[PDB]
Structure formats: C-alpha cells, structure tokens
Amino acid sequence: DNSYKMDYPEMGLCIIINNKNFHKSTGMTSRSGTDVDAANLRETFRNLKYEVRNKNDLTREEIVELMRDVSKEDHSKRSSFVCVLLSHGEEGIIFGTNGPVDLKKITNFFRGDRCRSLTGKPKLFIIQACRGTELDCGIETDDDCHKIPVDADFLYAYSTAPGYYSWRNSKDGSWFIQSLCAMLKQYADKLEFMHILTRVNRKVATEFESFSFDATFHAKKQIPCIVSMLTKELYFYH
C-alpha cells in the first residue's frame, strides 16, 4: 500500500473555476487565453475518467459557496478530488470576479476533519495565478489513537514559485496549464504524479520565455512549484 487506492467506482470530481472577466471596479484585465486552458483541462481530465464540472467567472462569494457545497457532497465512492483555479492572484490569494479569496479558505473545506468522505484520499489543487510581482530573469545555459493529520493528503500544484508572477499567453493559454495537460496526456498512463509534475517543471522552465515590447516584462522565465503533503504515490490508473 505505497500507492493510493484508485479503484473506487469513480476517479472523482474535477472542479474548474475559470475566471476570465473581472469587475471594472477591481481594476483587473481580462484573462485572454484562459478559455483554452479550461478546455484543455476538461478534455485532459475527461480522459483520466474524472467527472468534470466547469464554472466560469465566479465571484469571491460564488467560489466560497461552490467549494462549501462540493465539500458537503458524499465522496465515499470517489477515489480523489481535483480543483483547478484559473484566475489572477497574489501570495496565498485567488481572485473572484469581484475580489480576492484566501486559498486557505478554499482548501479548508477539504481538511481531513471537515470532509470525512475524502479523509485518506488525495486532494489536488491546481492553481494558475500570480503569487506576487517578482520577475525571474533567468540565467544562460517508545510509544505507538490512530489519527492522521488534517492537513495531510493535500497536493498543491502551483504554476509558479512563491512571490513571483505567473505567465499566460493570449492565444495558447498559461505556460503551466499547457504543459500540465501535455505531460498528463503523455504520461498519466505510466508515471507517478510527482514525477509527471517534475516533467512539467522542466517543460515550463526550458521551453518558455516571455516576449514583450516592454523591456520590464521581456525575456522572463518561470518555474512551477509542487507542494506535496501526500502520504502515498498517485497513479491515474490501476
């Protein structure tokens, strides 16, 4: 039992929150290209056998509400849980159309003590959003009851390092989401999740570089950030 039981009747839900248009009141640009991201995740997770539910342009409130309701579902027959957040953001924050939401609030609904039908099951959060304004210019090449931690079995696949900008191309989508999808399509049938995510790290880090008319944003790099509290290996098959 080094790997998670992934032979339940259902793989699980894959909730995609796709925020494209924001309230002018926030002073935030449209996320051109995010639809391509959404469509790619949908098809990719569909082939993995996940029940996909897309949600477009949700308010901070709608996001909290969506997450609460989903955490209140009976996941007993589901192997895992995937949530993908596509939006603007800051460190520890994701933006609804009308304002920011703490990631901690979203993930808390899924704590091992608050979502009992998911206790002991992998809970994946995939987040394409900025975590700050830093830019990366790159470099040329005894005692033994039987409790488990409530923050355990979480995996947070971040599109970028803490404090840094996250890059999104207007026609093809975010660097991170395109690479994740591609790596999943190529390797989900043979590789452990962590290893697949390392391939993504590499692809994003080597194959992408920003091009901008504005010197300040031109020739920048990006590295994704895998944050794992998983206690087992994850394979998308059996």
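Don't overthink the numbering: it's just position in the shown sequence, from 1.
Novice: With neighbours modelled on both sides, does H146 go without coordinates in a third or more of the other PDB entries compared?
Specialist: Other entries vs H146: at least a third skip it.
Novice: In the deposited sequence, how many residues between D144 and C145 have no modelled coordinates (none, 1 to 3, 4 to 9, 10 or more)?
Specialist: Gap between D144 and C145: 1 to 3 unmodelled residues.
Novice: Please classify the unmodelled stretch of the deposited sequence between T141 and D142: none, 1 to 3, 4 to 9, or 10 or more residues.
Specialist: In the record, 4 to 9 residues between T141 and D142 lack coordinates.
Novice: Please work out which of 101-109 and 149-157 has the higher mean CA B-factor as recorded in the PDB entry.
Specialist: Averaged over C-alpha atoms, the B-factors run higher in 101-109.
Novice: Using only the Cα atoms and their B-factors as the entry lists them, report which of 22-30 and 180-188 averages higher.
Specialist: Per the PDB record, 22-30.
Novice: Sort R168, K121, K77, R131 by C-alpha B-factor from the entry and give me just the highest.
Specialist: Top of the list by C-alpha B-factor: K77.
Novice: Per the entry's Cα B factor values, which of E209, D35, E61, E43 stands out as the maximum?
Specialist: Checking the PDB record, the top C-alpha B-factor among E209, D35, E61, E43 is at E61.
Novice: Within this chain, which third does the Cα B-factor at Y237 fall in: lowest, middle or highest?
Specialist: Its C-alpha B-factor belongs to the highest third of this chain's values.
Novice: Using the B-factor values recorded in the entry, state whether the Cα atom of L135 falls in the lowest, middle or highest third among the modelled residues of its chain.
Specialist: Ranked within chain, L135 CA B lands in the middle tercile.
Novice: Compare the C-alpha B factor of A215 with those of the other modelled residues in its chain, then answer lowest, middle or highest third.
Specialist: Answer is highest: the recorded C-alpha B-factor places it there.
Novice: According to the PDB entry, is the CA B factor of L86 in the bottom, middle or top third of its chain, that is, lowest, middle or highest?
Specialist: It belongs to the lowest third of the chain when residues are ordered by C-alpha B-factor.
Novice: In terms of the CA temperature factor given in the entry, to which third of its chain does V200 belong: lowest, middle or highest?
Specialist: Within its chain, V200 is a lowest-third residue by C-alpha B-factor, going by the deposited values.
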